[PDB]
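Heads up, data.pdb below (PDB, C-alpha atoms):
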ATOM      1  CA  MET N   1       0.000   0.000   0.000
ATOM      2  CA  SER N   2       3.059   2.294   0.228
ATOM      3  CA  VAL N   3       4.614   1.496  -3.165
ATOM      4  CA  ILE N   4       1.195   1.227  -4.845
ATOM      5  CA  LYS N   5      -1.001   4.257  -5.633
ATOM      6  CA  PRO N   6      -4.653   4.368  -6.843
ATOM      7  CA  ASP N   7      -3.208   5.651 -10.167
ATOM      8  CA  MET N   8      -0.155   3.985 -11.733
ATOM      9  CA  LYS N   9       1.798   4.227 -14.996
ATOM     10  CA  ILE N  10       2.981   1.493 -17.396
ATOM     11  CA  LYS N  11       6.013   1.364 -19.716
ATOM     12  CA  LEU N  12       6.835  -1.729 -21.757
ATOM     13  CA  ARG N  13       8.885  -3.193 -24.559
ATOM     14  CA  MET N  14       8.050  -6.491 -26.269
ATOM     15  CA  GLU N  15      10.655  -8.207 -28.415
ATOM     16  CA  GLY N  16       9.516 -11.246 -30.319
ATOM     17  CA  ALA N  17       8.882 -13.327 -33.422
ATOM     18  CA  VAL N  18       5.975 -15.136 -35.089
ATOM     19  CA  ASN N  19       6.778 -17.996 -37.518
ATOM     20  CA  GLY N  20      10.438 -16.911 -37.308
ATOM     21  CA  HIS N  21       9.793 -13.297 -38.329
ATOM     22  CA  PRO N  22      11.043 -10.816 -35.699
ATOM     23  CA  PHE N  23       9.236  -7.704 -34.371
ATOM     24  CA  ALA N  24       9.329  -5.197 -31.461
ATOM     25  CA  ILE N  25       6.551  -3.115 -29.876
ATOM     26  CA  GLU N  26       6.794  -0.359 -27.234
ATOM     27  CA  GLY N  27       3.928   0.823 -25.024
ATOM     28  CA  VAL N  28       2.925   3.490 -22.514
ATOM     29  CA  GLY N  29      -0.224   3.376 -20.350
ATOM     30  CA  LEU N  30      -2.152   4.161 -17.180
ATOM     31  CA  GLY N  31      -4.087   2.076 -14.671
ATOM     32  CA  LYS N  32      -6.061   1.821 -11.465
ATOM     33  CA  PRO N  33      -4.761  -1.272  -9.621
ATOM     34  CA  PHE N  34      -7.419  -1.286  -6.879
ATOM     35  CA  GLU N  35     -10.150  -0.849  -9.483
ATOM     36  CA  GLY N  36      -8.648  -3.555 -11.716
ATOM     37  CA  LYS N  37      -8.568  -1.284 -14.790
ATOM     38  CA  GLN N  38      -5.871  -0.304 -17.306
ATOM     39  CA  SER N  39      -5.322   1.135 -20.765
ATOM     40  CA  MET N  40      -2.259   1.606 -22.951
ATOM     41  CA  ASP N  41      -0.996   2.890 -26.292
ATOM     42  CA  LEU N  42       1.127   0.461 -28.258
ATOM     43  CA  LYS N  43       3.449   1.279 -31.155
ATOM     44  CA  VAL N  44       5.095  -1.160 -33.535
ATOM     45  CA  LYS N  45       8.802  -0.230 -33.620
ATOM     46  CA  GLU N  46      10.241  -3.105 -35.699
ATOM     47  CA  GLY N  47       8.901  -5.661 -38.188
ATOM     48  CA  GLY N  48       5.853  -3.677 -39.294
ATOM     49  CA  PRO N  49       3.362  -3.995 -40.731
ATOM     50  CA  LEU N  50       2.650  -7.092 -38.623
ATOM     51  CA  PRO N  51       1.637 -10.073 -40.852
ATOM     52  CA  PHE N  52      -0.333 -11.712 -38.021
ATOM     53  CA  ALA N  53      -3.469 -11.060 -35.926
ATOM     54  CA  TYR N  54      -2.653  -8.485 -33.226
ATOM     55  CA  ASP N  55      -5.064 -10.341 -30.876
ATOM     56  CA  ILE N  56      -2.331 -12.945 -30.202
ATOM     57  CA  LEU N  57      -0.298 -10.229 -28.380
ATOM     58  CA  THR N  58      -2.882  -8.416 -26.311
ATOM     59  CA  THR N  59      -3.079 -10.655 -23.226
ATOM     60  CA  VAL N  60       0.725 -10.440 -23.047
ATOM     61  CA  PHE N  61       0.543  -6.615 -22.880
ATOM     62  CA  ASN N  65      -0.023  -7.710 -15.239
ATOM     63  CA  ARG N  66      -2.362  -9.100 -12.568
ATOM     64  CA  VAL N  67      -1.642  -6.067 -10.334
ATOM     65  CA  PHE N  68      -4.474  -4.545 -12.383
ATOM     66  CA  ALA N  69      -7.132  -6.845 -10.928
ATOM     67  CA  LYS N  70      -9.631  -5.855  -8.243
ATOM     68  CA  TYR N  71      -9.049  -8.137  -5.249
ATOM     69  CA  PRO N  72     -11.652  -8.440  -2.476
ATOM     70  CA  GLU N  73     -10.499  -8.274   1.166
ATOM     71  CA  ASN N  74     -10.976 -12.041   1.662
ATOM     72  CA  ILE N  75      -8.577 -13.130  -1.129
ATOM     73  CA  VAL N  76      -4.778 -12.952  -0.749
ATOM     74  CA  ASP N  77      -3.354 -10.581  -3.370
ATOM     75  CA  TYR N  78      -0.073 -12.157  -4.494
ATOM     76  CA  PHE N  79       0.601  -9.479  -7.100
ATOM     77  CA  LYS N  80       0.171  -6.263  -5.112
ATOM     78  CA  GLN N  81       2.188  -7.853  -2.257
ATOM     79  CA  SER N  82       5.141  -8.566  -4.596
ATOM     80  CA  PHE N  83       6.138  -4.915  -4.910
ATOM     81  CA  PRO N  84       8.427  -2.946  -4.696
ATOM     82  CA  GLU N  85      10.530  -5.946  -5.861
ATOM     83  CA  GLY N  86       7.957  -7.136  -8.424
ATOM     84  CA  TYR N  87       7.265 -10.441 -10.102
ATOM     85  CA  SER N  88       7.588 -12.257 -13.427
ATOM     86  CA  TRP N  89       5.414 -14.655 -15.341
ATOM     87  CA  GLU N  90       5.811 -17.278 -18.093
ATOM     88  CA  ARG N  91       2.953 -18.494 -20.266
ATOM     89  CA  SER N  92       2.224 -21.053 -23.015
ATOM     90  CA  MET N  93      -0.707 -20.313 -25.306
ATOM     91  CA  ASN N  94      -1.711 -23.418 -27.186
ATOM     92  CA  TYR N  95      -4.080 -22.752 -30.103
ATOM     93  CA  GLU N  96      -6.493 -25.349 -31.488
ATOM     94  CA  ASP N  97      -4.772 -25.528 -34.909
ATOM     95  CA  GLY N  98      -1.342 -26.231 -33.353
ATOM     96  CA  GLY N  99      -0.065 -22.642 -33.408
ATOM     97  CA  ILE N 100       1.764 -22.131 -30.077
ATOM     98  CA  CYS N 101       2.999 -18.922 -28.432
ATOM     99  CA  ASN N 102       5.343 -18.731 -25.436
ATOM    100  CA  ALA N 103       5.675 -15.439 -23.573
ATOM    101  CA  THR N 104       7.481 -14.105 -20.527
ATOM    102  CA  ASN N 105       7.195 -10.790 -18.690
ATOM    103  CA  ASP N 106       9.553  -9.389 -16.076
ATOM    104  CA  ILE N 107       7.747  -6.653 -14.140
ATOM    105  CA  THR N 108       9.594  -4.035 -12.092
ATOM    106  CA  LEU N 109       8.590  -0.711 -10.543
ATOM    107  CA  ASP N 110      10.193   2.714 -10.853
ATOM    108  CA  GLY N 111       8.359   5.426  -8.891
ATOM    109  CA  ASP N 112       4.671   5.042  -9.774
ATOM    110  CA  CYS N 113       5.551   3.309 -13.049
ATOM    111  CA  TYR N 114       5.486  -0.426 -13.793
ATOM    112  CA  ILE N 115       8.158  -1.435 -16.306
ATOM    113  CA  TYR N 116       7.715  -4.630 -18.357
ATOM    114  CA  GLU N 117      10.385  -6.580 -20.238
ATOM    115  CA  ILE N 118       8.429  -8.936 -22.487
ATOM    116  CA  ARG N 119       9.470 -11.739 -24.831
ATOM    117  CA  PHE N 120       7.032 -13.364 -27.262
ATOM    118  CA  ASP N 121       7.592 -16.323 -29.602
ATOM    119  CA  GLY N 122       4.940 -18.029 -31.725
ATOM    120  CA  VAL N 123       5.463 -20.881 -34.194
ATOM    121  CA  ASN N 124       3.489 -23.140 -36.536
ATOM    122  CA  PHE N 125       0.610 -20.785 -37.362
ATOM    123  CA  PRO N 126      -0.738 -22.104 -40.728
ATOM    124  CA  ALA N 127      -0.678 -19.695 -43.677
ATOM    125  CA  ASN N 128      -4.443 -20.167 -44.222
ATOM    126  CA  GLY N 129      -5.413 -20.009 -40.526
ATOM    127  CA  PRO N 130      -7.179 -17.094 -38.796
ATOM    128  CA  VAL N 131      -3.964 -15.743 -37.218
ATOM    129  CA  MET N 132      -1.943 -15.343 -40.420
ATOM    130  CA  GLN N 133      -5.073 -14.313 -42.368
ATOM    131  CA  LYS N 134      -6.018 -11.709 -39.716
ATOM    132  CA  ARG N 135      -9.553 -13.054 -39.303
ATOM    133  CA  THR N 136      -9.870 -12.698 -35.509
ATOM    134  CA  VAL N 137     -12.282 -10.202 -33.958
ATOM    135  CA  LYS N 138     -11.750 -10.220 -30.186
ATOM    136  CA  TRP N 139     -11.147 -12.323 -27.116
ATOM    137  CA  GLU N 140     -14.268 -13.592 -25.356
ATOM    138  CA  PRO N 141     -14.486 -12.508 -21.705
ATOM    139  CA  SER N 142     -12.776 -15.159 -19.653
ATOM    140  CA  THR N 143     -12.290 -16.543 -16.155
ATOM    141  CA  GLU N 144      -8.703 -17.345 -15.155
ATOM    142  CA  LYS N 145      -8.367 -20.141 -12.568
ATOM    143  CA  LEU N 146      -5.593 -19.375 -10.082
ATOM    144  CA  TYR N 147      -4.193 -22.084  -7.834
ATOM    145  CA  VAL N 148      -1.056 -23.005  -5.960
ATOM    146  CA  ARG N 149       0.615 -26.248  -6.837
ATOM    147  CA  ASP N 150       3.929 -27.441  -5.366
ATOM    148  CA  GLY N 151       4.535 -23.981  -3.829
ATOM    149  CA  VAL N 152       4.094 -22.147  -7.140
ATOM    150  CA  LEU N 153       1.247 -19.833  -8.218
ATOM    151  CA  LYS N 154      -0.343 -20.889 -11.522
ATOM    152  CA  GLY N 155      -3.171 -19.497 -13.635
ATOM    153  CA  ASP N 156      -5.051 -21.452 -16.322
ATOM    154  CA  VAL N 157      -7.688 -20.176 -18.715
ATOM    155  CA  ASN N 158      -9.666 -21.572 -21.637
ATOM    156  CA  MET N 159      -9.651 -18.707 -24.084
ATOM    157  CA  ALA N 160     -11.573 -18.161 -27.336
ATOM    158  CA  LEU N 161     -11.137 -15.627 -30.122
ATOM    159  CA  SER N 162     -14.295 -14.735 -32.007
ATOM    160  CA  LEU N 163     -13.817 -15.028 -35.783
ATOM    161  CA  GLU N 164     -14.867 -12.847 -38.724
ATOM    162  CA  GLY N 165     -18.126 -14.359 -39.998
ATOM    163  CA  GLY N 166     -18.848 -16.113 -36.692
ATOM    164  CA  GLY N 167     -17.459 -19.020 -34.696
ATOM    165  CA  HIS N 168     -14.424 -19.231 -32.448
ATOM    166  CA  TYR N 169     -10.763 -20.195 -32.458
ATOM    167  CA  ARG N 170      -9.759 -21.641 -29.073
ATOM    168  CA  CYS N 171      -6.552 -21.430 -27.050
ATOM    169  CA  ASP N 172      -5.351 -23.035 -23.813
ATOM    170  CA  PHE N 173      -3.441 -20.569 -21.558
ATOM    171  CA  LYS N 174      -1.025 -21.867 -18.897
ATOM    172  CA  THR N 175       0.741 -19.234 -16.791
ATOM    173  CA  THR N 176       3.295 -19.556 -13.976
ATOM    174  CA  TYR N 177       3.742 -16.509 -11.702
ATOM    175  CA  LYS N 178       6.874 -15.882  -9.619
ATOM    176  CA  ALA N 179       7.361 -13.085  -7.039
ATOM    177  CA  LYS N 180      10.926 -11.738  -6.598
ATOM    178  CA  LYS N 181      10.633 -12.004  -2.799
ATOM    179  CA  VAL N 182       8.784 -14.301  -0.366
ATOM    180  CA  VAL N 183       5.078 -13.473  -0.626
ATOM    181  CA  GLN N 184       2.104 -15.228   1.017
ATOM    182  CA  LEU N 185       0.526 -17.624  -1.483
ATOM    183  CA  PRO N 186      -3.268 -17.303  -2.055
ATOM    184  CA  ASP N 187      -6.026 -19.897  -1.799
ATOM    185  CA  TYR N 188      -7.506 -21.002  -5.138
ATOM    186  CA  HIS N 189      -9.660 -18.289  -6.757
ATOM    187  CA  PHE N 190     -10.822 -16.832 -10.097
ATOM    188  CA  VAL N 191     -10.089 -13.637 -12.007
ATOM    189  CA  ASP N 192     -12.632 -12.457 -14.581
ATOM    190  CA  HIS N 193     -10.991 -10.723 -17.553
ATOM    191  CA  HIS N 194     -12.331  -8.430 -20.275
ATOM    192  CA  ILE N 195      -9.851  -7.220 -22.944
ATOM    193  CA  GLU N 196     -10.565  -4.917 -25.904
ATOM    194  CA  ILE N 197      -8.676  -3.152 -28.672
ATOM    195  CA  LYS N 198     -10.663   0.111 -28.537
ATOM    196  CA  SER N 199      -8.920   1.660 -31.541
ATOM    197  CA  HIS N 200      -6.144   0.952 -34.034
ATOM    198  CA  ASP N 201      -4.721   2.262 -37.308
ATOM    199  CA  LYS N 202      -5.007   0.326 -40.608
ATOM    200  CA  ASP N 203      -2.170  -2.160 -40.005
ATOM    201  CA  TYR N 204      -2.219  -2.052 -36.181
ATOM    202  CA  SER N 205       1.034  -0.013 -35.980
ATOM    203  CA  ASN N 206      -0.785   2.051 -33.353
ATOM    204  CA  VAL N 207      -3.102   0.327 -30.880
ATOM    205  CA  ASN N 208      -5.170   1.548 -27.944
ATOM    206  CA  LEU N 209      -5.777  -1.350 -25.523
ATOM    207  CA  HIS N 210      -8.061  -1.698 -22.490
ATOM    208  CA  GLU N 211      -8.510  -4.402 -19.827
ATOM    209  CA  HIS N 212     -10.469  -4.766 -16.635
ATOM    210  CA  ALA N 213     -10.216  -7.672 -14.228
ATOM    211  CA  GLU N 214     -11.895  -8.707 -10.961
ATOM    212  CA  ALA N 215     -10.965 -11.523  -8.590
ATOM    213  CA  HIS N 216     -13.628 -13.641  -6.859
ATOM    214  CA  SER N 217     -14.041 -16.793  -4.744
ATOM    215  CA  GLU N 218     -17.047 -18.574  -6.236
ATOM    216  CA  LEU N 219     -18.331 -19.568  -9.696
TER     217      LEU N 219
END
Show the structure stored in the file as structure tokens.
Amino acid sequence: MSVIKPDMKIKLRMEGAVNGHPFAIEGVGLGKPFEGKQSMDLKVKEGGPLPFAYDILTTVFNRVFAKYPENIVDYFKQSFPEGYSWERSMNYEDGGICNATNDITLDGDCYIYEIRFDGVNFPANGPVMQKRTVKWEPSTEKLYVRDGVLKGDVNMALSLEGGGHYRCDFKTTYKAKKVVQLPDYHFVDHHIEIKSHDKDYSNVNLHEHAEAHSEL
């Protein structure tokens, strides 16, 4: 509560590749950690225009921005000032797979992210390479502690142009930089939206809100 303010800033850089083709994106944003809300402006710095659906990146662009009730241990807020990191596999139904990591530190009232993103085996005719995704369906992440490690799993679905969905299995491992009390199992509802973008997604305005809860 002393290194976290009702209003916080975000600075990030993502370096990455999709199907072996490299790219980099930088972002700046704002958020309300206790309200579980955030927004950010993202700019493609290298490898533009991106030949893949931007939606594969958006959930990689911090569970600090999740509203936690009093009765659920908040692993993420408790991590700071030191911070935490996470690793995630995102396994898509057509065999496309993306691995991502984020190392999250704090400078003043500003979270700083170092992000790496690597996706392979997206088919040329699939909805990722053909840019036929519309948005992520609102989701519920399942958080749980196994073997002394905090994990989060979520069954995700992208809506597709013309209807239908393209599914993805998310598996995240979270790791605080210092000893932090582990939580009981719980859920975090997520809503994520690209609110605006330019023609080829070189500029993107991104919004998320998230709320933790005990029961389904």
Legend entry - Residue among N:129, N:106, N:40, N:143 lying closest to residue N:198, counting only C-alpha atoms: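 That would be N:40, the residue with the smallest distance to residue N:198.
Picked by the PyMOL selection byres ((chain N and resi 68) around 8) from the coordinates shown: residues 31, 32, 33, 34, 35, 36, 37, 38, 65, 66, 67, 69, 70, 212 and 213 of chain N.
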Evaluating the PyMOL selection byres ((chain N and resi 163) around 6) on the displayed file yields which residues, as a PDB file with C-alpha atoms, keeping the file's coordinate frame?
ATOM      1  CA  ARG N 135      -9.553 -13.054 -39.303  1.00  0.00           C
ATOM      2  CA  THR N 136      -9.870 -12.698 -35.509  1.00  0.00           C
ATOM      3  CA  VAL N 137     -12.282 -10.202 -33.958  1.00  0.00           C
ATOM      4  CA  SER N 162     -14.295 -14.735 -32.007  1.00  0.00           C
ATOM      5  CA  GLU N 164     -14.867 -12.847 -38.724  1.00  0.00           C
ATOM      6  CA  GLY N 166     -18.848 -16.113 -36.692  1.00  0.00           C
ATOM      7  CA  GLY N 167     -17.459 -19.020 -34.696  1.00  0.00           C
ATOM      8  CA  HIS N 168     -14.424 -19.231 -32.448  1.00  0.00           C
TER       9      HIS N 168
END
Inset, instruction - To verify the selection step, state as a list in words which residues the PyMOL selection byres ((chain N and resi 21) around 12) yields on this input. - result: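 On this input, the PyMOL selection byres ((chain N and resi 21) around 12) captures residues 15, 16, 17, 18, 19, 20, 22, 23, 24, 46, 47, 48, 49, 50, 51, 52, 120, 121, 122, 123, 124 and 125 of chain N.
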Legend entry - Residue nearest residue N:3 - candidates N:113, N:182, N:146, N:160, atoms counted: all atoms listed in the file: N:113
Legend entry - Residue with smallest distance to residue N:42 - pool N:201, N:192, N:144, N:73, counting only C-alpha atoms: N:201
Please, what is the axis-aligned box for every listed atom of stretch 69-79 of chain N with 5 Å on each side, as centre and edge lengths in Å to one decimal, as lines of an AutoDock Vina configuration file?
center_x = -5.5
center_y = -9.5
center_z = -4.6
size_x = 22.3
size_y = 17.3
size_z = 22.6
Legend entry - N:115, N:100, N:197, N:153 ranked by distance to residue N:28, top pick (using all atoms listed in the file): N:115
Inset, instruction - Give the answer as one residue: which of N:210, N:119, N:180, N:174 has the shortest atom-to-atom distance to residue N:58, using all atoms listed in the file? - result: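 For residue N:58, the nearest of the given residues is N:210.
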Legend entry - Residue nearest residue N:89 - candidates N:161, N:103, N:183, N:57, atoms counted: only C-alpha atoms: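 Closest residue, counting only C-alpha atoms: N:103.
In this model, the gap between atom CA of residue N:72 and atom CA of residue N:111 comes to 25.2 Å.
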Inset, instruction - To one decimal in Å, tell me the separation between atom CA of residue N:60 and atom CA of residue N:92. - result: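 According to the coordinates, atom CA of residue N:60 and atom CA of residue N:92 are separated by 10.7 Å.
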Inset, instruction - Quick one: pull the distance between atom CA of residue N:102 and atom CA of residue N:171, Å, one decimal. - result: 12.3 Å
Inset, instruction - Find the residues near residue N:179: any atom within 12 Å, counting all atoms listed in the file, skip ones fewer than 5 places away on the same chain, and give them as a PyMOL selection string. - result: chain N and resi 66-67+77-90+105-108+151-154+184-185
Inset, instruction - Identify, on the basis of only C-alpha atoms, every residue whose closest approach to residue N:25 does not exceed 6 Å; exclude the query and any residue fewer than 4 positions from it along the same chain; express the result as a VMD selection string. - result: chain N and resid 13 to 14 43 to 45
Could I see stretch 50-65 of chain N restored to N, CA, C and O atoms, set down as an mmCIF file, in the frame of the given file?
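Writing done, so here's result.cif:
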data_model
loop_
_atom_site.group_PDB
_atom_site.id
_atom_site.type_symbol
_atom_site.label_atom_id
_atom_site.label_comp_id
_atom_site.auth_asym_id
_atom_site.auth_seq_id
_atom_site.Cartn_x
_atom_site.Cartn_y
_atom_site.Cartn_z
ATOM 1 N N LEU N 50 2.699 -5.738 -39.158
ATOM 2 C CA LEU N 50 2.650 -7.092 -38.623
ATOM 3 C C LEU N 50 1.799 -7.988 -39.521
ATOM 4 O O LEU N 50 0.675 -7.610 -39.846
ATOM 5 N N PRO N 51 2.345 -9.152 -39.951
ATOM 6 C CA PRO N 51 1.637 -10.073 -40.852
ATOM 7 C C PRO N 51 0.717 -11.052 -40.124
ATOM 8 O O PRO N 51 0.205 -11.998 -40.735
ATOM 9 N N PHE N 52 0.500 -10.825 -38.833
ATOM 10 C CA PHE N 52 -0.333 -11.712 -38.021
ATOM 11 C C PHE N 52 -1.368 -10.943 -37.202
ATOM 12 O O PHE N 52 -1.207 -9.744 -36.954
ATOM 13 N N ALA N 53 -2.400 -11.654 -36.739
ATOM 14 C CA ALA N 53 -3.469 -11.060 -35.926
ATOM 15 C C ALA N 53 -2.910 -10.471 -34.623
ATOM 16 O O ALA N 53 -2.284 -11.174 -33.832
ATOM 17 N N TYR N 54 -3.140 -9.183 -34.414
ATOM 18 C CA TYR N 54 -2.653 -8.485 -33.226
ATOM 19 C C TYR N 54 -3.208 -9.112 -31.943
ATOM 20 O O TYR N 54 -2.529 -9.123 -30.906
ATOM 21 N N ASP N 55 -4.426 -9.655 -32.024
ATOM 22 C CA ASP N 55 -5.064 -10.341 -30.876
ATOM 23 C C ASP N 55 -4.173 -11.365 -30.173
ATOM 24 O O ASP N 55 -4.333 -11.586 -28.973
ATOM 25 N N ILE N 56 -3.242 -11.998 -30.885
ATOM 26 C CA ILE N 56 -2.331 -12.945 -30.202
ATOM 27 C C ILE N 56 -1.406 -12.273 -29.173
ATOM 28 O O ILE N 56 -0.910 -12.942 -28.277
ATOM 29 N N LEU N 57 -1.182 -10.961 -29.296
ATOM 30 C CA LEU N 57 -0.298 -10.229 -28.380
ATOM 31 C C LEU N 57 -0.961 -9.626 -27.154
ATOM 32 O O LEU N 57 -0.294 -9.335 -26.164
ATOM 33 N N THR N 58 -2.259 -9.350 -27.245
ATOM 34 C CA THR N 58 -2.882 -8.416 -26.311
ATOM 35 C C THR N 58 -2.885 -8.860 -24.849
ATOM 36 O O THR N 58 -2.692 -8.042 -23.952
ATOM 37 N N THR N 59 -3.077 -10.156 -24.601
ATOM 38 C CA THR N 59 -3.079 -10.655 -23.226
ATOM 39 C C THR N 59 -1.651 -10.703 -22.669
ATOM 40 O O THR N 59 -1.455 -10.934 -21.478
ATOM 41 N N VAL N 60 -0.655 -10.502 -23.527
ATOM 42 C CA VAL N 60 0.725 -10.440 -23.047
ATOM 43 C C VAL N 60 1.027 -9.000 -22.602
ATOM 44 O O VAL N 60 1.746 -8.779 -21.610
ATOM 45 N N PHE N 61 0.449 -8.026 -23.309
ATOM 46 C CA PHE N 61 0.543 -6.615 -22.880
ATOM 47 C C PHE N 61 -0.240 -6.356 -21.594
ATOM 48 O O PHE N 61 0.245 -5.631 -20.716
ATOM 49 N N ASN N 65 -0.483 -8.110 -16.613
ATOM 50 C CA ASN N 65 -0.023 -7.710 -15.239
ATOM 51 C C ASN N 65 -1.199 -7.787 -14.271
ATOM 52 O O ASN N 65 -2.084 -6.933 -14.290
#
